[PDB]
């Protein structure tokens, strides 16, 4: 495949929920993850190159595989432990799945992580969409 590179930015926030009883003295926290695309100047723009995003959460969660179809694909959950996870992003026009490793952790109140992905140029609608975020 001919491909182009794009940087996506994963944004995470978390805060303690004091009304939830701590579990084994560990507080329960509310947390969220969203995903934006960066353009070639570094500005956040809606990640419309993805048809859907699936968060593959730690197996302790009820229904750990959460599907979203509208940018910024925001997920909200509660828990008491950090964990690694994979985020599946599905490019437009069945152009392919990319697995993006993330770590959900409580080290900061909010933090951002950038990932470069390679996107094919063989689906006209996706190719047109990619022109919004940089050269193709």
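Residue numbers count along the first chain shown, from 1.
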Out of 108-116 and 16-24, which stretch has the higher average CA B-factor listed in the record? 16-24
According to the deposited model, is the average Cα temperature factor higher in 65-73 or in 92-100? 65-73
Sorting the chain's CA B-factors, does residue 5 end up in the lowest, middle or highest third? middle
Would you mind ranking residue 85 by its C-alpha B-factor against the rest of the chain and naming the third, lowest, middle or highest? highest
